[PDB]
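Heads up, the thing below is written out as structure tokens.
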Amino acid sequence: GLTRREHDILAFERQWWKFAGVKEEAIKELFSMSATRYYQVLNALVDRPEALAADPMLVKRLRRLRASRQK
Amino acid sequence: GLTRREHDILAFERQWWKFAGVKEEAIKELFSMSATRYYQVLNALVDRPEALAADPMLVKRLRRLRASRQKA
């Protein structure tokens, strides 16, 4: 039943899912922490003005993603 | 005012944020469709019975990621 393009979308999408699988591992091995605690730290850090100075483009978009899940 | 771990966390996060950008561009060049219409097709496709059968874990995470994105 799956069309060719439906087959290709799923296969393409899955590759981004296996990326999520490496990031979890990379967090565990790079900083020696759970993925959950990593995002708790990222949460707190994003609102610090010092983080904004460091990478202005990145934390502006992290802030926008934050504000769209609540508002 | 940033510690070493905090600067590294932000650099590490920058790489994955750059990945999401490349995914959008890949959506537009490969499938020649806008990102929003891609997720329309993708999300309508999860409800299709043959998609659940062909791959259990992908749609199950995709089903579980929109259910959570909706419940609150």
Other protein chain Cβ atoms within 10 Å, averaged over every residue that makes up B:3-12: 5
For segment B:14-28 and segment B:33-72, distance of Cα centres in Å: 19 Å
Of the DSSP H helices in chain A, those whose Cα atoms cover at least 24 Å axially and whose Kyte score averages -0.5 or more: none
Filter on B:18/B:71; B:28/B:71; A:18/B:71; A:60/B:60; A:28/B:28 - keep pairs with C-alpha separation over 27 Å: B:18/B:71; B:28/B:71; A:60/B:60; A:28/B:28
Dipole magnitude of chain A, debye to nearest 20 (Cβ charges: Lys/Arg +1, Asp/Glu -1, about Cα centre): 340 debye
Filtered chymotrypsin sites (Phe, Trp or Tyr not before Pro), chain A: DSSP coil and at most 16 other beta carbons within 10 Å: A:31
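Each reported figure results from applying straightforward, stated rules to the coordinates on display, with no laboratory input. As a convention, Cβ positions derive from the backbone with ideal geometry for all residues, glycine included, and neighbour counts pool all protein chains shown.
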